[PDB]
Structure formats: C-alpha cells, structure tokens
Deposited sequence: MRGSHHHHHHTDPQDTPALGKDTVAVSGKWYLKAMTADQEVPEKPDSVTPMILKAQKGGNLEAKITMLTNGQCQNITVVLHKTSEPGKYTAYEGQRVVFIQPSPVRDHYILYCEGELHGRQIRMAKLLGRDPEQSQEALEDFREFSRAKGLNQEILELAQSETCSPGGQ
C-alpha cells in the first residue's frame, strides 16, 4: 500500500494528481478545485486510522477502498490509472452498503495542478 496511487472515484474535485503514500501513514495528493490547487498532506496514525479513516482491500486486482468519517465519504484508490468498471461496480455496492449514495464521481487524472491564471 505504498508508492504512486490513483484516487479514481469518490461518493468537488475537478481533477486530481497522483497520490503518494509514505509509511503512521502519510499521503500527498494535490486537487484541482474550481481553478485552484489544494495540495494535501495528511498523516494517518494507527489507532482503522486517523478525521477517522478505515482503509480496506478492494476485492479487485490493484485497488483499495477508503471509508472515512469526519460528513462521511468513500474513495476508490487504484495502482494504475485506467478505468476499471469492475472496480467501480464494487465501490458502488460498498458505498450503498455503508450509507453513502450521492453520485459515484469518477475523477480526472492530471499530472500537475496549475491554478487559474496563476
């Protein structure tokens, strides 16, 4: 669960850069949001982690599913960028199976974020 990862879907972002999980666990995405850039860097510490976040394996080759409470959403991380309909279908069930049913948004993959006119 280390290295380049791709946040593929989620139950706001207009595009998203790759994810970098360093091992407490430490993630860095940068997120394109209405012509801005949100550079995130969230340490996850082991208590299910900490917001509160449960990482769980996906049933599918090369994918993981995140549940986090703190509003509650769900995310589908992948190890290679391409769309996996069968990874989605499972992320949907999981998402309804945990109380979340507000549009599986499948994310746009940019290699950089440049702010509007910045």
Which residue ranges of the deposited sequence are not present in the modelled coordinates? 1-25, 37-43, 56-59, 84-87, 91-95, 116-121
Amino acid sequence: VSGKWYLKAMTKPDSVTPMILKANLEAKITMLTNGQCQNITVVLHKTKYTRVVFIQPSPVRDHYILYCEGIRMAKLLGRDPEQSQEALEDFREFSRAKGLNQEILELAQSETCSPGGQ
From here on, numbers count along this sequence of modelled residues.
Between the two ranges 30-38 and 56-64, the one averaging a larger CA B factor in the entry: 56-64
Per the entry, where is the mean C-alpha temperature factor higher: 95-103 or 13-21? 95-103
According to the Cα B-factor stored in this entry, which of the following is highest: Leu88, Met73, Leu77, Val43? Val43
